[PDB]
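K.L.:
Mind looking over this structure? Questions follow.
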Amino acid sequence: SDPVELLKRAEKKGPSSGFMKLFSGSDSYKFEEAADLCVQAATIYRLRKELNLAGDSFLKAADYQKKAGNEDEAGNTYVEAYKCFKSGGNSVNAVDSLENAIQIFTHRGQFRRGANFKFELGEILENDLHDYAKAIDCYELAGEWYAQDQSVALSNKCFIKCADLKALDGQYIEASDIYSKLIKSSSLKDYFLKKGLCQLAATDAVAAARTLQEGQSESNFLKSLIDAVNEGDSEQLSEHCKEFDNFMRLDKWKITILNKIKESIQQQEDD
Amino acid sequence: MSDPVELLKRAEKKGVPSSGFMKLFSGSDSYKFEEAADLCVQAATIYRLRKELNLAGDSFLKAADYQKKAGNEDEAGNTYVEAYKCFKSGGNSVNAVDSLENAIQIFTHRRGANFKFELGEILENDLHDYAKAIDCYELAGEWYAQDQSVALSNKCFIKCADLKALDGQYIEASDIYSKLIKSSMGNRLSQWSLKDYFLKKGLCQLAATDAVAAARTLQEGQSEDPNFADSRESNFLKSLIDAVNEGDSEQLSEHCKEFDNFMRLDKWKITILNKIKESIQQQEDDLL
Amino acid sequence: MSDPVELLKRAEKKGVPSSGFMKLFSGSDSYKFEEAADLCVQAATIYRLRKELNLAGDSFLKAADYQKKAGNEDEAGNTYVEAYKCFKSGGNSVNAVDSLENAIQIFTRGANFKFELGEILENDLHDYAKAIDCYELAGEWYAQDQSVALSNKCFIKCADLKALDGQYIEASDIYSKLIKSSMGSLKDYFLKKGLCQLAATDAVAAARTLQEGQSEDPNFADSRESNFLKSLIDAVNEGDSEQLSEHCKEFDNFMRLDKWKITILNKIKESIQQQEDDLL
Amino acid sequence: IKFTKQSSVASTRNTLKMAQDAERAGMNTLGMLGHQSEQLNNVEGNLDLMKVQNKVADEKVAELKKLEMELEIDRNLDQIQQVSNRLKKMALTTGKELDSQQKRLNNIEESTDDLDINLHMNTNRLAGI
Amino acid sequence: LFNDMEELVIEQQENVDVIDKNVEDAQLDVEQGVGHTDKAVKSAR
Amino acid sequence: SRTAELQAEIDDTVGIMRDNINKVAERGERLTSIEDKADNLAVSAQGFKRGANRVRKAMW
């Protein structure tokens, strides 16, 4: 009942040779025993609320099950170690846990479950570690897998989380193209508006007018912006954004992009 | 990860049937084909992980071929379906068509219907081979009627009838709409599709310059379905028949605009209505 | 493709049980029946391909019989469901009924198929009594599964068919069960209950049903259905068939009377006219 | 004056009509949603029984290996209002039921994939015995 | 909109039917298999 | 004022019903996926049954 002792024995037991290999049953059975011992210690830790120790115990477990030749169970235990590490605020080892779980789920053909966790992984990269360049990759590969599964909704969700973040990273046109693909394969107002705003943030107003016009088959505020920009006036825009802030509070994304548009105006006034 | 090219080479080496004197000492070649198929499937999975989807499809086709040679037809059909998934997703519609055709041939030898409908969808949208798409939808709906999935049969037959009507086969489309009506009668659940079916049957008949059959279709619908009797569709069909009998194309255009304002005419209806208008205008020109 | 007739002939030849001295050396006949069933299944698939659906159903029935002889009753039930699909697709409702009966017996999913059997008995064969039985028993199995909704659809069908068949009291009781299961369609159940009670010339029970619905369900209290049932009760108490017809037309003008309600209402009117005639 | 009043008499009769059509459609929607809810009940139940059975099969396989006109407008509006309030109830009702069934389907489907995987595992192990 | 609430639920009725049939079929063959392994284990001993 | 309230109610119910259309579309997606996996589960169950029975016959 002492988890320390459970882990001691899990180390002592988890490859035999010599007389030991001959007398005692198969090696994978021993690795399974050590796996179970670490699982038991991990559950004791989880009950006692030492989450980090519980997740490290599940990591030891996971490695033991894959040394036994149990890939699926290993993936499950990696997800469990992630539950512990995530609930314990230890983001780094939680990211690690998912990378192993995904690694398995992916090589094992379980792409749908891969995607589910690929997305969760991207969420923690974006929100906590703030490594957006890799969160975009996760949000992209996960949506591509969802595309293979023909589960359009989740794929879309992934590509929106991708496009938004790419518009923040400054890949404005790539974002607008992801948004176009999100309009063709489909809330449809926001995609048009976001596309126009991104495109205006790239100082390309002609396409912006074009892409509203395509949206005749929010949109009015976009004209008001296309006009404020087309006449080098960062007080018309700054007033239209202020006015639109009443009937639809701007979210962080819009505020960022709109500040970039305002700057792209002022820099053009002083050129 | 293993190199998929090397896996395919090993699959090819193993997949050689035993010839000559060696055939007397070698067991069934089925096991060799199974192992070659396994190697092909591993190569296909590695390609799929690399997003090299067309190569994954090709590897799955090779695996399915070896599975067929092994006597494991069901696994071959599954692997053709996987090859198909790789091909559709890679934008290679032709090899996707081929994969579905082999898979359907195996399955047929309910699910066959499913894949036949998907094949019809590819033929319609990606390849624009409307005739074979019509064939796929017809046969799929027939299989669904033989499985009593009345609704899948109805979806296949609406696709088949729409494509036939757009293709100028107005009479056959009207007959399929008659079947759809007969399968939809008395169900509280298909009554809206029932109004649409009556309207489309009438429009097809009017495209065939058989205003008589349109009037009879309208009378049948008015008598058999009270919801259709009082519907905008029934009144619109009356109005179109009346314009056709009068030989007044302008009146038909006005009726089309009026119906459009309240109930948007989808593209199919616009096409068939334009055909009816042209038939009226041609009769006007020929009478003069 | 193999010839399905030859496959059936091989299935027949393999399906002969080992008799006599041979029984001492042959293993279990189960394997022979399995192989005969497999051959029959292949023949059935080939017939299904050719759209010869009744023959495919017959081949599935033979395969299911061999599966029963093999001790694989569950395969037999699955194959009976397949034979059913072939028959009801081929318009041979009788063999479809037989297949569902064997499948249901094995399963006792039964309920699901017992309901489909009731549907065939109602619509294709018009054996309303057995359809009533099928719906009642399916609904009971559903109630045992704490399946309120499936139980309810079965009891709605059972009550409707019973009421159309002259069993007004039993239909009213099944409507009572539907009401008790739906408390907390309900307005409709109250109406139908009273209507059966009016077709049994039990006006006072209809009045109690109205009062119950008014007290227990506020939505029914203020509903057109409650007012309509009250008006019908008033007409029945007054012996005025014309007032009843007027109420029926008004309710029709605002809420289309389906065929069932029309039939019940016509019988109620007929009863009223009969006491009028009996008093002359 | 009169023509318009006839026009709105028409508008409100047709309104009451198609509102009733919405009503009947919405209820039979809800009817089959209850039907299909209970169907997903048994799908869950057999998945549960198979989970237990796969536990048993796991242990057995392991051991094996070891071994007049105004008034009518008013009344038509009355009845349209009644139906419209009630239809609002029906829309909220359908949204709730779809939500519950959506979580149930997700759990069902994950369980089905898990059982499928376990069955391939046990079958492959049995092939080697 | 209600009319689509009616038709789409019909299209989904079928999926529910086939799912229920296939799942309980799988359950029975799992039962037969578990029994098969039980008798496997009795004579393996 | 009554007609405007009725209109507001109808618009709200239209919104709820559009939401429902989106939800039922997601549900139909999900049911198609479940039917595919249930077919897979059935096939695996037949296979497992047959394999176990063959293990019995091999042993006995």
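Methodologically, a virtual Cβ is constructed for each residue, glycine included, from the backbone with ideal geometry; neighbour enumeration extends over all protein chains shown. A short reminder: the numbers here are calculations on the coordinates, not readings from a lab.
K.L.:
Can you name the residue in region F:26-43 that is within 7 Å of chain E (Cβ to nearest Cβ) and over 10 Å from the mean Cα position of the chain (by Cα) and is also surrounded by the most Cβ atoms within 10 Å (Cβ to Cβ) among such residues?
P.N.:
So, considering only residues that are within 7 Å of chain E (Cβ to nearest Cβ) and over 10 Å from the mean Cα position of the chain (by Cα), the one surrounded by the most Cβ atoms within 10 Å (Cβ to Cβ) is F:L41.
K.L.:
Quick check on my filter: what residues within region E:1-18 are closer than 15 Å to F:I34 by Cα, of a type outside the set (D, E) and within 9 Å of chain F (Cβ to nearest Cβ)?
P.N.:
Listed by number, the residues that qualify are E:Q12, E:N15, E:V16, E:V18.
K.L.:
Of a type in the set (K, R), away from chain E (no Cβ under 14 Å) and surrounded by 18 or more Cβ atoms within 10 Å (Cβ to Cβ) - does that describe any residue in region B:197-216? Steps first, answer last, please.
P.N.:
Filtering region B:197-216 down to residues of a type in the set (K, R) leaves B:200-201, B:216.
Filter once more, keeping what is away from chain E (no Cβ under 14 Å): B:200-201, B:216.
Cutting the leftovers down to surrounded by 18 or more Cβ atoms within 10 Å (Cβ to Cβ) gives us B:200-201.
Looking for residues that are of a type in the set (K, R), away from chain E (no Cβ under 14 Å) and surrounded by 18 or more Cβ atoms within 10 Å (Cβ to Cβ), one finds at least one in region B:197-216, hence yes.
K.L.:
Can you pull out every residue in region C:35-88 that is surrounded by 23 or more Cβ atoms within 10 Å (Cβ to Cβ), within 14 Å of chain E (Cβ to nearest Cβ) and more than 29 Å from the chain's Cα centre (by Cα)?
P.N.:
none
K.L.:
Any chance region D:62-77 includes a residue that's more than 24 Å from E:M5 (Cβ to Cβ) and among the polar types (S, T, N, Q)?
P.N.:
yes
K.L.:
Could I ask something else about it? So C:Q274 passes all but one of these: (1) surrounded by 14 or more Cβ atoms within 10 Å (Cβ to Cβ); (2) more than 18 Å from C:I169 (Cα to Cα). Which condition number does it fail?
P.N.:
(1)
K.L.:
Next question. For the condition touching a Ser or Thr at 6+ places or on another chain (Cβ under 9 Å), more than 25 Å from E:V30 (Cα to Cα) and surrounded by 21 or more Cβ atoms within 10 Å (Cβ to Cβ), what is the one hit in C:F115, C:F155?
P.N.:
On the way: C:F115 fails: touching a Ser or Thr at 6+ places or on another chain (Cβ under 9 Å).
Among C:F115, C:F155, only C:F155 is touching a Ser or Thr at 6+ places or on another chain (Cβ under 9 Å), more than 25 Å from E:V30 (Cα to Cα) and surrounded by 21 or more Cβ atoms within 10 Å (Cβ to Cβ).
K.L.:
Within the set of pairs 6+ apart or on separate chains, which have a first residue in region A:248-271 that is closer than 13 Å to A:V229 by Cβ, a second that is polar (S, T, N, Q) and assigned to a loop (DSSP other than H, G, I, E, B), and C-beta atoms under 6 Å apart?
P.N.:
Taking only residues 6 or more apart or on different chains, the pairs are A:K262/A:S234; A:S264/A:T203; A:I265/A:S234; A:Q266/A:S234.
K.L.:
Hey, does region F:30-50 have a residue that's closer than 20 Å to B:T79 by Cα, in a helix (DSSP H, G or I), small (G, A, S) and in contact with a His (Cβ under 7 Å, 6 or more places away or on another chain)?
P.N.:
Checking region F:30-50: at least one residue is closer than 20 Å to B:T79 by Cα, in a helix (DSSP H, G or I), small (G, A, S) and in contact with a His (Cβ under 7 Å, 6 or more places away or on another chain).
K.L.:
Across region B:145-162, what is the number of residues that are of a type in the set (V, I, T) and under 17 Å from B:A173 (Cβ atoms)?
P.N.:
So the count comes out to 1.
Matching residues to (1) under 30 Å from D:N122 (Cα atoms); (2) of a type in the set (S, T, N, Q):
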| site | (1), (2) |
| --- | --- |
| D:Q20 | no, yes |
| D:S37 | no, yes |
| D:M50 | yes, no |
| D:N54 | yes, yes |
| D:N76 | no, yes |
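K.L.:
Return yes or no: is D:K88 facing chain F (nearest Cβ under 8 Å), assigned to a helix (DSSP H, G or I) and closer than 28 Å to F:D12 by Cβ? Before the answer, list the steps.
P.N.:
Numbers: facing chain F (nearest Cβ under 8 Å): yes; assigned to a helix (DSSP H, G or I): yes; closer than 28 Å to F:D12 by Cβ: yes.
Criteria met by D:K88.
K.L.:
If you check F:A58 against the conditions, is it small (G, A, S) and within 7 Å of chain E (Cβ to nearest Cβ)?
P.N.:
For F:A58, the condition - small (G, A, S) and within 7 Å of chain E (Cβ to nearest Cβ) - is not met.
K.L.:
Which residue, of D:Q53, D:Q82, is facing another protein chain (nearest Cβ under 7 Å) and either among the hydroxyl-bearing types (S, T, Y) or in a helix (DSSP H, G or I) (or both)? Spell out the reasoning first.
P.N.:
Details: D:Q82 fails: facing another protein chain (nearest Cβ under 7 Å).
When all the criteria are applied, what remains is D:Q53.
K.L.:
Got a number for residues in region E:19-32 being under 22 Å from D:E109 (Cβ atoms) and at the interface with chain F (Cβ under 7 Å from one of its Cβ atoms)?
P.N.:
Total meeting the criteria: 7.
K.L.:
Can you run down the residue pairs with Cβ atoms below 7 Å, 6 or more apart or on separate chains, where the first is in region C:140-166 and more than 8 Å from chain D (Cβ to nearest Cβ) and hydroxyl-bearing (S, T, Y) and the partner is in a helix (DSSP H, G or I) and buried (at least 23 other Cβ atoms within 10 Å of the Cβ)?
P.N.:
Going by the 7 Å Cβ cut-off, the qualifying pairs are C:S151/C:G139; C:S151/C:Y142.
K.L.:
Kindly provide the set of residues from region A:89-103 that are surrounded by fewer than 23 Cβ atoms within 10 Å (Cβ to Cβ) and part of a helix (DSSP H, G or I), ordered by number.
P.N.:
Result: A:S91, A:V92, A:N93, A:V95, A:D96, A:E99, A:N100, A:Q103.
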